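Before any comments, here is the structure.
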Amino acid sequence: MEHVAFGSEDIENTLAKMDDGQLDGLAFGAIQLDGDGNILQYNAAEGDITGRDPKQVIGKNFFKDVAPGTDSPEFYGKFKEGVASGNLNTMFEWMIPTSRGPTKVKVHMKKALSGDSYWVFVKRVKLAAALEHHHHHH
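Residue numbers for the sequence shown follow our numbering, so the first one is 3 and each next one is one higher.
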(Lines of atoms letter the chains of each structure in order from A and count residues from 1; the text may use other names and numbers.)
(Lines give C-alpha, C1' and ligand atoms only; values in the text may rest on other atoms or scores of the structure.)
Protein backbone atom coordinates (compact mmCIF):
# COMPACT_ATOMS: atom_id res chain seq x y z
CA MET A 1 0.00 0.00 0.00
CA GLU A 2 2.50 2.60 -1.19
CA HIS A 3 0.39 5.68 -1.95
CA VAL A 4 2.68 8.42 -0.65
CA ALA A 5 2.85 11.33 -3.09
CA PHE A 6 5.44 14.11 -2.86
CA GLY A 7 5.65 17.32 -4.88
CA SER A 8 8.38 19.90 -4.38
CA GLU A 9 11.12 21.87 -6.14
CA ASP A 10 14.87 21.99 -5.52
CA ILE A 11 17.26 24.41 -7.23
CA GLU A 12 20.15 22.06 -6.48
CA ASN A 13 18.33 19.18 -8.17
CA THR A 14 17.94 21.12 -11.42
CA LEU A 15 21.41 22.66 -11.16
CA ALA A 16 23.74 19.88 -12.30
CA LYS A 17 26.44 19.01 -14.84
CA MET A 18 28.37 22.21 -14.16
CA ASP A 19 31.74 23.18 -15.65
CA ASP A 20 34.32 20.47 -14.96
CA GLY A 21 37.19 21.88 -17.01
CA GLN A 22 38.32 24.52 -14.53
CA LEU A 23 41.44 24.97 -16.66
CA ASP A 24 41.28 27.62 -19.38
CA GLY A 25 43.67 26.44 -22.07
CA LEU A 26 43.09 28.80 -24.99
CA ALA A 27 43.73 27.68 -28.57
CA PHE A 28 42.29 27.91 -32.09
CA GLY A 29 42.47 25.20 -34.73
CA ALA A 30 40.61 22.70 -36.91
CA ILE A 31 39.90 19.03 -36.22
CA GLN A 32 38.84 16.19 -38.52
CA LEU A 33 35.87 14.08 -37.43
CA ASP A 34 34.05 11.04 -38.79
CA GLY A 35 30.35 10.44 -39.42
CA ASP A 36 30.13 8.92 -35.95
CA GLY A 37 32.09 11.76 -34.37
CA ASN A 38 35.49 10.11 -34.00
CA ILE A 39 38.70 12.15 -34.15
CA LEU A 40 40.49 11.52 -37.45
CA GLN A 41 43.15 14.24 -37.45
CA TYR A 42 44.32 17.28 -35.50
CA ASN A 43 45.52 20.56 -37.00
CA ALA A 44 46.34 23.38 -34.58
CA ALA A 45 47.65 26.88 -35.25
CA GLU A 46 51.34 27.74 -35.59
CA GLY A 47 51.30 30.74 -33.26
CA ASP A 48 51.16 29.28 -29.76
CA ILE A 49 52.59 26.63 -27.44
CA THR A 50 51.53 22.99 -27.69
CA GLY A 51 48.68 21.91 -25.43
CA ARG A 52 46.76 18.67 -25.88
CA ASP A 53 48.43 15.64 -27.46
CA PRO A 54 47.82 15.02 -31.19
CA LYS A 55 47.55 11.25 -30.70
CA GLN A 56 45.80 11.43 -27.33
CA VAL A 57 42.88 13.17 -29.05
CA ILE A 58 42.77 10.62 -31.86
CA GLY A 59 40.60 7.56 -31.29
CA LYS A 60 38.32 9.40 -28.86
CA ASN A 61 35.16 11.43 -29.49
CA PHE A 62 35.20 15.18 -30.11
CA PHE A 63 31.95 16.32 -28.49
CA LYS A 64 31.32 12.96 -26.84
CA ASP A 65 34.77 12.83 -25.23
CA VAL A 66 36.84 16.00 -25.55
CA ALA A 67 33.65 17.95 -24.86
CA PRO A 68 32.03 16.23 -21.85
CA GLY A 69 28.51 17.50 -21.25
CA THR A 70 27.60 18.38 -24.82
CA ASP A 71 25.96 14.96 -25.15
CA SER A 72 22.55 16.25 -26.23
CA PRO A 73 20.29 16.73 -29.28
CA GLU A 74 20.96 20.46 -29.00
CA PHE A 75 24.35 20.00 -30.65
CA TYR A 76 24.27 16.32 -31.59
CA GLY A 77 21.00 16.28 -33.52
CA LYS A 78 22.44 18.86 -35.90
CA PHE A 79 25.45 16.60 -36.52
CA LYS A 80 23.33 13.48 -37.01
CA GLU A 81 20.76 15.00 -39.37
CA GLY A 82 23.66 16.47 -41.32
CA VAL A 83 25.41 13.13 -41.70
CA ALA A 84 22.21 11.43 -42.86
CA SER A 85 22.32 13.66 -45.94
CA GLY A 86 26.10 13.91 -46.21
CA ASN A 87 26.61 17.61 -45.51
CA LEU A 88 26.39 19.09 -42.02
CA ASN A 89 26.19 22.88 -42.29
CA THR A 90 26.15 24.65 -38.92
CA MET A 91 27.42 28.08 -37.86
CA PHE A 92 27.07 29.50 -34.35
CA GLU A 93 28.87 30.37 -31.11
CA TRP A 94 28.98 28.45 -27.83
CA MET A 95 29.57 29.86 -24.34
CA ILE A 96 32.09 28.05 -22.14
CA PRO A 97 31.54 29.20 -18.53
CA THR A 98 34.63 28.65 -16.37
CA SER A 99 35.68 29.39 -12.79
CA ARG A 100 37.87 32.22 -14.08
CA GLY A 101 34.89 33.63 -15.97
CA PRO A 102 32.60 33.18 -18.99
CA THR A 103 34.26 32.66 -22.37
CA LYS A 104 32.39 32.55 -25.68
CA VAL A 105 33.80 30.70 -28.69
CA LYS A 106 32.72 30.44 -32.32
CA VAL A 107 32.57 27.00 -33.94
CA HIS A 108 31.86 26.23 -37.60
CA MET A 109 31.27 22.68 -38.83
CA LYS A 110 31.21 21.57 -42.47
CA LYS A 111 31.55 18.30 -44.38
CA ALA A 112 35.05 17.68 -45.75
CA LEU A 113 35.82 18.04 -49.45
CA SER A 114 37.64 14.73 -49.85
CA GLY A 115 34.55 13.03 -48.46
CA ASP A 116 34.12 10.51 -45.65
CA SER A 117 35.26 13.21 -43.22
CA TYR A 118 34.09 16.35 -41.44
CA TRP A 119 35.71 19.68 -40.56
CA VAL A 120 35.14 21.31 -37.17
CA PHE A 121 36.82 24.65 -36.49
CA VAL A 122 37.13 25.78 -32.88
CA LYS A 123 38.20 29.33 -32.03
CA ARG A 124 37.17 32.23 -29.79
CA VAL A 125 34.34 34.39 -31.12
CA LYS A 126 36.28 36.79 -33.34
CA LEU A 127 36.62 37.48 -37.06
CA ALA A 128 40.28 36.99 -37.99
CA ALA A 129 40.72 34.57 -40.89
CA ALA A 130 38.11 34.02 -43.60
CA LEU A 131 39.84 33.78 -46.98
CA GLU A 132 42.44 31.01 -46.84
CA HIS A 133 44.57 29.44 -49.56
CA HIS A 134 47.31 26.91 -50.35
CA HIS A 135 45.20 24.11 -48.87
CA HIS A 136 45.21 21.15 -51.27
CA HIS A 137 45.55 17.48 -50.35
CA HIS A 138 48.06 15.24 -52.13
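A virtual CB, placed ideally from N, CA and C, is assigned to each residue, including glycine.
Annotated three-state conformation of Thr72 is coil, per DSSP.
For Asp50, same chain residues with a beta-carbon under 7 Å away, outside a window of 5 residues either side, are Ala29 in chain order.
For a cut-off of 8 Å, the C-beta gap from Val109 to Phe123 is around 6 Å, short enough to register as a contact. Straight through space, the alpha carbons of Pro99 and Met20 are spaced by roughly 9 Å.
Inter-segment contact for the segment 129–136 and the segment 44–62 is absent: fewer than three beta-carbon pairs are separated by less than 8 Å.
Taken through DSSP and simplified to helix, strand or coil, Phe64 comes out as helix.
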